[PDB]
Every structure is written in structure tokens, then in C-alpha cells.
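Visitor: I'm passing along final_22.pdb; it holds PDB, C-alpha atoms.
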MODEL        1
ATOM      1  CA  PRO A   1      33.024 120.533 155.125
ATOM      2  CA  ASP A   2      34.073 116.933 154.133
ATOM      3  CA  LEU A   3      36.046 117.356 150.840
ATOM      4  CA  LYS A   4      35.667 113.608 149.839
ATOM      5  CA  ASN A   5      39.439 112.828 149.965
ATOM      6  CA  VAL A   6      40.415 114.783 146.759
ATOM      7  CA  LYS A   7      43.117 113.201 144.500
ATOM      8  CA  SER A   8      46.336 114.833 143.120
ATOM      9  CA  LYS A   9      46.774 116.396 139.658
ATOM     10  CA  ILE A  10      48.896 115.545 137.586
ATOM     11  CA  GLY A  11      51.778 113.195 138.391
ATOM     12  CA  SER A  12      54.544 110.817 137.160
ATOM     13  CA  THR A  13      51.744 108.326 136.161
ATOM     14  CA  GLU A  14      53.450 107.512 132.816
ATOM     15  CA  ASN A  15      56.605 106.287 134.700
ATOM     16  CA  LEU A  16      54.892 103.617 136.936
ATOM     17  CA  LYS A  17      56.245 100.606 134.849
ATOM     18  CA  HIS A  18      59.548 102.342 133.932
ATOM     19  CA  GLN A  19      63.108 101.376 135.050
ATOM     20  CA  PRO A  20      64.373 101.324 132.216
ATOM     21  CA  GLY A  21      66.362  98.162 131.253
ATOM     22  CA  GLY A  22      69.615  97.978 129.194
ATOM     23  CA  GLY A  23      70.386  96.535 125.731
ATOM     24  CA  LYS A  24      73.359  94.206 124.921
ATOM     25  CA  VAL A  25      76.667  94.245 122.945
ATOM     26  CA  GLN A  26      79.009  91.332 122.048
ATOM     27  CA  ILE A  27      82.151  92.090 119.903
ATOM     28  CA  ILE A  28      83.779  89.380 119.319
ATOM     29  CA  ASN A  29      85.147  88.986 115.770
ATOM     30  CA  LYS A  30      85.887  86.299 113.073
ATOM     31  CA  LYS A  31      89.367  84.865 112.257
ATOM     32  CA  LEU A  32      90.837  85.683 108.828
ATOM     33  CA  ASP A  33      92.124  82.696 106.778
ATOM     34  CA  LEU A  34      95.947  82.447 106.265
ATOM     35  CA  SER A  35      95.922  78.833 104.821
ATOM     36  CA  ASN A  36      97.178  79.954 101.337
ATOM     37  CA  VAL A  37     100.900  79.588 102.263
ATOM     38  CA  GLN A  38     104.017  78.084 100.707
ATOM     39  CA  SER A  39     107.730  79.046 100.907
ATOM     40  CA  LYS A  40     109.861  79.667  97.734
ATOM     41  CA  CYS A  41     113.435  80.202  99.119
ATOM     42  CA  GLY A  42     114.650  76.538  98.755
ATOM     43  CA  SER A  43     114.442  73.407  96.524
ATOM     44  CA  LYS A  44     111.736  70.707  96.006
ATOM     45  CA  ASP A  45     113.042  69.073  92.762
ATOM     46  CA  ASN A  46     116.808  69.822  92.296
ATOM     47  CA  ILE A  47     117.449  68.335  95.823
ATOM     48  CA  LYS A  48     116.840  64.883  94.127
TER      49      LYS A  48
ATOM     50  CA  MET B   1     122.229  99.518 113.807
ATOM     51  CA  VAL B   2     119.185  97.269 113.465
ATOM     52  CA  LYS B   3     118.528  96.351 117.022
ATOM     53  CA  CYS B   4     118.999  92.603 117.405
ATOM     54  CA  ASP B   5     121.624  90.064 118.466
ATOM     55  CA  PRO B   6     123.085  88.305 115.381
ATOM     56  CA  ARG B   7     123.721  85.138 117.378
ATOM     57  CA  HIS B   8     119.882  84.388 117.291
ATOM     58  CA  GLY B   9     120.251  83.742 113.593
ATOM     59  CA  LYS B  10     122.701  82.716 110.863
ATOM     60  CA  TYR B  11     124.278  84.865 108.212
ATOM     61  CA  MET B  12     123.282  84.631 104.527
ATOM     62  CA  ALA B  13     125.903  87.113 103.293
ATOM     63  CA  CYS B  14     127.998  90.080 104.463
ATOM     64  CA  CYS B  15     129.285  93.067 102.534
ATOM     65  CA  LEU B  16     132.094  95.374 103.607
ATOM     66  CA  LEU B  17     132.921  98.902 102.231
ATOM     67  CA  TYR B  18     136.287 100.226 103.298
ATOM     68  CA  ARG B  19     137.065 103.974 103.537
ATOM     69  CA  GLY B  20     140.488 105.611 103.563
ATOM     70  CA  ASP B  21     143.837 104.247 104.716
ATOM     71  CA  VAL B  22     143.226 100.519 104.072
ATOM     72  CA  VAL B  23     145.317  97.827 102.329
ATOM     73  CA  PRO B  24     144.059  94.557 100.831
ATOM     74  CA  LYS B  25     146.176  92.110 102.827
ATOM     75  CA  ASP B  26     145.166  93.763 106.170
ATOM     76  CA  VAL B  27     141.550  93.189 105.111
ATOM     77  CA  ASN B  28     142.348  89.474 104.146
ATOM     78  CA  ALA B  29     143.847  89.252 107.623
ATOM     79  CA  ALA B  30     140.694  90.920 109.120
ATOM     80  CA  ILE B  31     138.101  88.613 107.395
ATOM     81  CA  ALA B  32     140.111  85.570 108.469
ATOM     82  CA  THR B  33     139.214  86.285 112.045
ATOM     83  CA  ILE B  34     135.514  86.454 110.927
ATOM     84  CA  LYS B  35     135.497  83.096 109.110
ATOM     85  CA  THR B  36     137.246  81.322 112.054
ATOM     86  CA  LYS B  37     134.829  82.869 114.575
ATOM     87  CA  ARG B  38     132.172  80.224 113.902
ATOM     88  CA  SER B  39     129.901  81.591 116.618
ATOM     89  CA  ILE B  40     129.323  84.181 113.866
ATOM     90  CA  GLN B  41     127.317  81.395 112.135
ATOM     91  CA  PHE B  42     126.684  81.310 108.356
ATOM     92  CA  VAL B  43     124.056  79.174 106.688
ATOM     93  CA  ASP B  44     125.418  75.650 106.323
ATOM     94  CA  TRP B  45     125.606  76.060 102.486
ATOM     95  CA  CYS B  46     127.623  79.312 102.482
ATOM     96  CA  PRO B  47     131.346  78.730 103.225
ATOM     97  CA  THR B  48     132.756  82.132 102.004
ATOM     98  CA  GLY B  49     129.860  84.618 102.213
ATOM     99  CA  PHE B  50     131.880  87.788 101.753
ATOM    100  CA  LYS B  51     131.670  90.689  99.347
ATOM    101  CA  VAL B  52     134.239  93.589  99.707
ATOM    102  CA  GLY B  53     134.927  97.139  98.486
ATOM    103  CA  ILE B  54     137.911  99.480  99.013
ATOM    104  CA  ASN B  55     138.023 103.230  98.316
ATOM    105  CA  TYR B  56     140.869 105.747  98.606
ATOM    106  CA  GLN B  57     138.681 108.585 100.019
ATOM    107  CA  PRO B  58     138.034 108.662 103.729
ATOM    108  CA  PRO B  59     135.222 109.617 105.992
ATOM    109  CA  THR B  60     134.607 113.338 105.796
ATOM    110  CA  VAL B  61     133.592 114.975 109.008
ATOM    111  CA  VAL B  62     131.158 117.853 109.572
ATOM    112  CA  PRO B  63     131.878 120.709 111.929
ATOM    113  CA  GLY B  64     128.375 120.547 113.640
ATOM    114  CA  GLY B  65     129.152 117.068 115.009
ATOM    115  CA  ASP B  66     130.639 115.044 117.867
ATOM    116  CA  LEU B  67     131.978 112.197 115.750
ATOM    117  CA  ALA B  68     135.742 112.026 115.482
ATOM    118  CA  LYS B  69     138.051 112.161 112.421
ATOM    119  CA  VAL B  70     139.552 108.744 111.435
ATOM    120  CA  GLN B  71     141.977 107.532 108.791
ATOM    121  CA  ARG B  72     140.165 104.310 108.081
ATOM    122  CA  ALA B  73     136.530 103.125 108.574
ATOM    123  CA  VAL B  74     134.011 100.539 107.261
ATOM    124  CA  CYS B  75     130.280 100.130 106.463
ATOM    125  CA  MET B  76     128.749  96.661 106.913
ATOM    126  CA  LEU B  77     125.585  95.530 105.026
ATOM    127  CA  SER B  78     124.705  91.968 106.056
ATOM    128  CA  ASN B  79     121.847  89.543 105.351
ATOM    129  CA  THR B  80     120.885  87.373 108.467
ATOM    130  CA  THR B  81     118.090  85.257 109.995
ATOM    131  CA  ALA B  82     118.624  87.170 113.298
ATOM    132  CA  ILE B  83     116.009  89.739 112.167
ATOM    133  CA  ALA B  84     113.355  86.954 111.759
ATOM    134  CA  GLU B  85     112.875  87.545 115.421
ATOM    135  CA  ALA B  86     111.399  90.881 114.241
ATOM    136  CA  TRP B  87     108.986  89.633 111.560
ATOM    137  CA  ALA B  88     107.511  87.536 114.394
ATOM    138  CA  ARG B  89     107.202  90.733 116.408
ATOM    139  CA  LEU B  90     105.259  92.734 113.812
ATOM    140  CA  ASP B  91     102.963  89.940 112.592
ATOM    141  CA  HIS B  92     102.137  89.165 116.291
ATOM    142  CA  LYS B  93     101.278  92.840 117.055
ATOM    143  CA  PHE B  94      99.175  92.962 113.825
ATOM    144  CA  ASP B  95      97.144  89.889 114.984
ATOM    145  CA  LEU B  96      96.280  91.521 118.363
ATOM    146  CA  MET B  97      94.919  94.723 116.686
ATOM    147  CA  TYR B  98      93.167  92.906 113.762
ATOM    148  CA  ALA B  99      91.563  90.268 116.049
ATOM    149  CA  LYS B 100      89.627  93.310 117.498
ATOM    150  CA  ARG B 101      89.588  95.048 113.985
ATOM    151  CA  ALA B 102      91.025  98.205 115.703
ATOM    152  CA  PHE B 103      91.657 101.338 113.472
ATOM    153  CA  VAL B 104      90.593  99.412 110.282
ATOM    154  CA  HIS B 105      88.027 102.162 109.321
ATOM    155  CA  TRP B 106      90.843 104.782 108.905
ATOM    156  CA  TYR B 107      92.303 102.717 106.105
ATOM    157  CA  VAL B 108      88.933 101.729 104.602
ATOM    158  CA  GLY B 109      87.502 105.240 104.639
ATOM    159  CA  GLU B 110      90.571 106.341 102.540
ATOM    160  CA  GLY B 111      90.209 103.816  99.667
ATOM    161  CA  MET B 112      92.030 100.653 100.688
ATOM    162  CA  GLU B 113      89.803  97.496 100.696
ATOM    163  CA  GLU B 114      89.763  95.421 103.913
ATOM    164  CA  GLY B 115      91.078  92.203 102.243
ATOM    165  CA  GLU B 116      94.370  94.049 101.696
ATOM    166  CA  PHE B 117      95.280  93.474 105.378
ATOM    167  CA  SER B 118      94.661  89.677 104.974
ATOM    168  CA  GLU B 119      96.892  89.639 101.868
ATOM    169  CA  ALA B 120      99.817  91.423 103.408
ATOM    170  CA  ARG B 121      99.533  89.250 106.538
ATOM    171  CA  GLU B 122      99.531  86.117 104.278
ATOM    172  CA  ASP B 123     102.649  87.433 102.441
ATOM    173  CA  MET B 124     104.249  87.724 105.914
ATOM    174  CA  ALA B 125     102.969  84.194 106.682
ATOM    175  CA  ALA B 126     104.714  82.913 103.527
ATOM    176  CA  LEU B 127     107.725  85.113 104.508
ATOM    177  CA  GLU B 128     107.951  83.357 107.914
ATOM    178  CA  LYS B 129     108.340  80.031 106.017
ATOM    179  CA  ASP B 130     110.745  81.529 103.401
ATOM    180  CA  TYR B 131     113.091  82.345 106.341
ATOM    181  CA  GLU B 132     112.532  78.781 107.778
ATOM    182  CA  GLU B 133     113.575  77.205 104.425
ATOM    183  CA  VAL B 134     117.028  78.992 104.129
ATOM    184  CA  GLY B 135     118.015  78.467 107.789
ATOM    185  CA  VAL B 136     118.106  74.656 107.691
ATOM    186  CA  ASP B 137     121.279  72.633 107.246
ATOM    187  CA  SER B 138     122.419  70.211 104.566
ATOM    188  CA  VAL B 139     121.551  66.480 104.763
ATOM    189  CA  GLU B 140     124.835  65.891 102.821
ATOM    190  CA  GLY B 141     126.868  67.737 105.551
ATOM    191  CA  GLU B 142     128.747  66.552 108.626
ATOM    192  CA  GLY B 143     131.434  68.205 110.743
ATOM    193  CA  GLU B 144     134.037  67.943 113.558
ATOM    194  CA  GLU B 145     135.776  71.085 114.924
ATOM    195  CA  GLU B 146     138.470  71.509 117.650
ATOM    196  CA  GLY B 147     137.216  74.792 119.074
ATOM    197  CA  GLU B 148     134.054  74.818 121.160
ATOM    198  CA  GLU B 149     133.692  78.581 121.873
ATOM    199  CA  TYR B 150     134.386  81.270 119.335
TER     200      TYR B 150
ENDMDL
END
As C-alpha cells - that is how I would like this structure written.
Guide:
Amino acid sequence: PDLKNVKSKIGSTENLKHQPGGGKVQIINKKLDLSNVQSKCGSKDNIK
Amino acid sequence: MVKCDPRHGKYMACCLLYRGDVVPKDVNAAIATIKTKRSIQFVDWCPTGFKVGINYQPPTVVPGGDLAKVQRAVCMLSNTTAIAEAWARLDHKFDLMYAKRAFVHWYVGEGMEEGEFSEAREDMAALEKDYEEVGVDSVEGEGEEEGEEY
């Protein structure tokens, strides 16, 4: 009558390494350039 | 009727349009108070910054309203550096949204290019400095005045 300790069929065997982990995000942006500036509403020559 | 305090700035010019029962001396008398009231500051190169209109037809009043009938009234268009407080509000609020690029796709997806935003912000950046360059005083000026509140 000894069955020889029969094993299960068929399980979550494909999940045994699984968690799963998460990816990443980082946003974060670049500064625009506003260095092209000069005023016009005054005098630079006729002041002299 | 633009929400600011004019004492944060200086006036460039003021323009007054008089309706109804008005007479030219009683305006010359009314502006004299405004010139003397130097806490109403003009730019240091504008000594008589007034333009004036007078018209024999009054305010008309609508029946659907709460506003009274008057004999005489005025409209006041004025140029001042007191609203430069407000340029520095908009261009600050723009920087917060654009530093995260928020909503930018809704303008790009409808045919504007992205570099447009940079341009208009740079025009405002030049604008900031345009308002700095008119608000300065003369190096040829000096002054002494008897009144110390106006």
C-alpha cells in the first residue's frame, strides 16, 4: 500500500523567482535660455 | 479698475475725458490738486503729464441698472509703472508651469512650435527691463520740497 510519497500536479512553479521589481522615473527638466535681452525704452547715445 | 495700488509705481502719463456739466477752469482747478499731490508720483522727466477732453453730452443711464444718474463724470486712462508688479506676477507663474513643462502638449498638438513659449517669455524678459529703464530718475535733477506727505 505504500504510494511512494506522490508529488503534486501542477503548481505555481513558474512564479518561484518572481516578485516582481519596479522600474524608475526622473522628471526633471532643462532650463530655457533667456540671455538674449536688452531694453529699448531709454537712451544710450543722446544722454552724452 | 486694474487692480493695483498706483503708489507702487510712477506715472508716465494720464488722460482725462470729461462728460456733461463741466467747465474748463474747474478742471484747471481739479488738475492742480493732482500736480501738487506729489505722492501721486510722475517719472522724474515728466513735469506736466496731462492730456484732457471735454464733451457736452453726459453719461446716459440704462433702466436695467443700479448706477445713478449724474450731471458730470470722467474716464481716466493712465500709463504707470504700478502695473509692473503684474508682469512679474505672470512671468513668475509661467516659469513654475514651464519648469515642469505642464500643459505644453495642448499647444503643440494644435500647431504652435515649442520655442514660441521661450520667445514670448524673452519678450517679457526684455519688457521687465524696458519698465526698469523709464522708471529711473535724472542725473541732471535735484530737488527740495516743503511738504513731506501728500
Visitor: Residue by residue, what does the PyMOL selection byres ((chain B and resi 38) around 10) grab here? Present the result as a list in words.
Guide: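 After applying the PyMOL selection byres ((chain B and resi 38) around 10), what remains is residues 33, 34, 35, 36, 37, 39, 40, 41, 42, 145, 147, 148, 149 and 150 of chain B.
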Visitor: Which residues of chain A come within 8 Å of chain B, and what is each one's closest atom pair and distance in Å (one decimal), counting all atoms listed in the file, sorted by chain and residue number, as JSON lines?
Guide:
{"residue": "A:27", "atom": "CA", "partner": "B:100", "partner_atom": "CA", "distance": 7.9}
{"residue": "A:28", "atom": "CA", "partner": "B:100", "partner_atom": "CA", "distance": 7.3}
{"residue": "A:29", "atom": "CA", "partner": "B:100", "partner_atom": "CA", "distance": 6.5}
{"residue": "A:30", "atom": "CA", "partner": "B:99", "partner_atom": "CA", "distance": 7.5}
{"residue": "A:31", "atom": "CA", "partner": "B:99", "partner_atom": "CA", "distance": 7.0}
{"residue": "A:32", "atom": "CA", "partner": "B:118", "partner_atom": "CA", "distance": 6.7}
{"residue": "A:33", "atom": "CA", "partner": "B:118", "partner_atom": "CA", "distance": 7.6}
{"residue": "A:34", "atom": "CA", "partner": "B:122", "partner_atom": "CA", "distance": 5.5}
{"residue": "A:36", "atom": "CA", "partner": "B:122", "partner_atom": "CA", "distance": 7.2}
{"residue": "A:37", "atom": "CA", "partner": "B:126", "partner_atom": "CA", "distance": 5.2}
{"residue": "A:38", "atom": "CA", "partner": "B:126", "partner_atom": "CA", "distance": 5.6}
{"residue": "A:39", "atom": "CA", "partner": "B:130", "partner_atom": "CA", "distance": 4.6}
{"residue": "A:40", "atom": "CA", "partner": "B:130", "partner_atom": "CA", "distance": 6.0}
{"residue": "A:41", "atom": "CA", "partner": "B:130", "partner_atom": "CA", "distance": 5.2}
{"residue": "A:42", "atom": "CA", "partner": "B:133", "partner_atom": "CA", "distance": 5.8}
Visitor: Quick one: everything within 10 Å of residue 60 of chain B, counting all atoms listed in the file, minus sequence neighbours fewer than 5 positions away in the same chain. Send it as a list in words.
Guide: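 Skipping anything fewer than 5 positions along the chain leaves residues 19, 20, 68, 69, 70 and 71 of chain B.
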Visitor: Go ahead and compute the interatomic distance for atom CA of residue 21 of chain B and atom CA of residue 78 of chain B, in Å to one decimal.
Guide: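 These two atoms are separated by 22.8 Å.
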Visitor: To one decimal in Å, tell me the separation between atom CA of residue 53 of chain B and atom CA of residue 65 of chain B.
Guide: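 Separation of atom CA of residue 53 of chain B and atom CA of residue 65 of chain B: 26.5 Å.
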Visitor: Between atom CA of residue 66 of chain B and atom CA of residue 52 of chain B, measure the distance and give it in Å to one decimal.
Guide: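 These atoms are spaced 28.3 Å apart.
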Visitor: Check which residues satisfy the PyMOL selection byres ((chain B and resi 12-16) around 9) in the file shown, then give them as a ChimeraX atom specification.
Guide: /B:10-11,17-18,42-43,46,48-54,74-81,134-135
Visitor: Here's a test: counting only C-alpha atoms, identify every protein, DNA and RNA residue with an atom at most 10 Å from (122.3, 89.2, 117.5) in the file's coordinate frame, and state them as number ranges by chain.
Guide: B: 2-10, 40, 80-83, 85
Visitor: Padding 3 Å on every side, please: axis-aligned box over the listed atoms of segment 10-22 of chain A, centre and edge lengths to one decimal in Å, as JSON.
Guide:
{"center_x": 59.3, "center_y": 106.8, "center_z": 133.8, "size_x": 26.7, "size_y": 23.6, "size_z": 15.2}
Visitor: Give the answer as one residue: which of B:144, B:139, B:120, B:62 has the shortest atom-to-atom distance to residue 48 of chain A, using all atoms listed in the file?
Guide: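 Of B:144, B:139, B:120, B:62, the one nearest residue 48 of chain A is B:139, counting all atoms listed in the file.
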Visitor: Render segment 86-106 of chain B from the structure in the preceding block as a file of N, CA, C and O atoms, as a tab-separated table (two decimals), in the first residue's frame.
Guide:
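Result written to out-v6.tsv:
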chain	number	residue	atom	x	y	z
B	86	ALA	N	2.65	93.41	-11.96
B	86	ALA	CA	1.79	92.38	-12.52
B	86	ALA	C	2.49	91.56	-13.61
B	86	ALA	O	2.23	90.37	-13.70
B	87	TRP	N	3.42	92.19	-14.34
B	87	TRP	CA	4.23	91.49	-15.32
B	87	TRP	C	5.00	90.43	-14.54
B	87	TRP	O	5.05	89.25	-14.86
B	88	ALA	N	5.63	90.85	-13.43
B	88	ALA	CA	6.34	90.00	-12.51
B	88	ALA	C	5.43	89.03	-11.78
B	88	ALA	O	5.97	88.30	-10.94
B	89	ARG	N	4.11	89.09	-11.96
B	89	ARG	CA	3.28	88.02	-11.46
B	89	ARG	C	3.14	86.94	-12.52
B	89	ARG	O	3.23	85.75	-12.22
B	90	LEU	N	2.87	87.35	-13.77
B	90	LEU	CA	2.57	86.43	-14.85
B	90	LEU	C	3.80	85.63	-15.21
B	90	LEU	O	3.79	84.41	-15.32
B	91	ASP	N	4.91	86.32	-15.49
B	91	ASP	CA	6.17	85.71	-15.87
B	91	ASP	C	6.71	84.80	-14.77
B	91	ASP	O	7.40	83.86	-15.12
B	92	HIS	N	6.37	85.01	-13.49
B	92	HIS	CA	6.71	84.08	-12.40
B	92	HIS	C	5.86	82.81	-12.48
B	92	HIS	O	6.38	81.69	-12.44
B	93	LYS	N	4.54	82.96	-12.65
B	93	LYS	CA	3.59	81.85	-12.78
B	93	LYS	C	3.87	80.98	-14.01
B	93	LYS	O	3.76	79.76	-13.94
B	94	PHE	N	4.29	81.60	-15.11
B	94	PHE	CA	4.74	80.95	-16.35
B	94	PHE	C	5.96	80.03	-16.09
B	94	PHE	O	5.92	78.85	-16.44
B	95	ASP	N	6.99	80.54	-15.42
B	95	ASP	CA	8.18	79.81	-15.00
B	95	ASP	C	7.86	78.56	-14.16
B	95	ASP	O	8.42	77.52	-14.50
B	96	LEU	N	6.96	78.63	-13.19
B	96	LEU	CA	6.58	77.44	-12.42
B	96	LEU	C	5.99	76.33	-13.32
B	96	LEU	O	6.44	75.19	-13.27
B	97	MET	N	5.03	76.66	-14.20
B	97	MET	CA	4.42	75.68	-15.10
B	97	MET	C	5.40	75.14	-16.15
B	97	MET	O	5.46	73.93	-16.39
B	98	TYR	N	6.18	76.01	-16.79
B	98	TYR	CA	7.15	75.65	-17.83
B	98	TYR	C	8.39	74.91	-17.29
B	98	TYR	O	8.93	74.04	-17.98
B	99	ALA	N	8.79	75.16	-16.04
B	99	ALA	CA	9.87	74.39	-15.43
B	99	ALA	C	9.49	72.91	-15.24
B	99	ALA	O	10.38	72.06	-15.20
B	100	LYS	N	8.19	72.57	-15.19
B	100	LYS	CA	7.67	71.20	-15.26
B	100	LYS	C	7.09	70.84	-16.65
B	100	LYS	O	6.56	69.74	-16.83
B	101	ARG	N	7.18	71.74	-17.64
B	101	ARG	CA	6.57	71.68	-18.99
B	101	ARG	C	5.06	71.34	-18.99
B	101	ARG	O	4.55	70.74	-19.93
B	102	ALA	N	4.32	71.72	-17.94
B	102	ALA	CA	2.90	71.35	-17.80
B	102	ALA	C	2.02	71.94	-18.92
B	102	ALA	O	2.19	73.08	-19.31
B	103	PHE	N	1.05	71.17	-19.43
B	103	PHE	CA	0.10	71.56	-20.50
B	103	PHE	C	0.70	71.90	-21.88
B	103	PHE	O	-0.06	72.18	-22.80
B	104	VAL	N	2.02	71.83	-22.09
B	104	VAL	CA	2.70	72.26	-23.29
B	104	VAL	C	2.21	71.49	-24.51
B	104	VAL	O	1.95	72.15	-25.51
B	105	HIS	N	1.84	70.21	-24.41
B	105	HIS	CA	1.33	69.36	-25.47
B	105	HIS	C	0.03	69.89	-26.06
B	105	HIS	O	-0.16	69.55	-27.23
B	106	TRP	N	-0.87	70.52	-25.31
B	106	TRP	CA	-2.10	71.11	-25.82
B	106	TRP	C	-1.97	72.28	-26.77
B	106	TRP	O	-2.82	72.41	-27.65
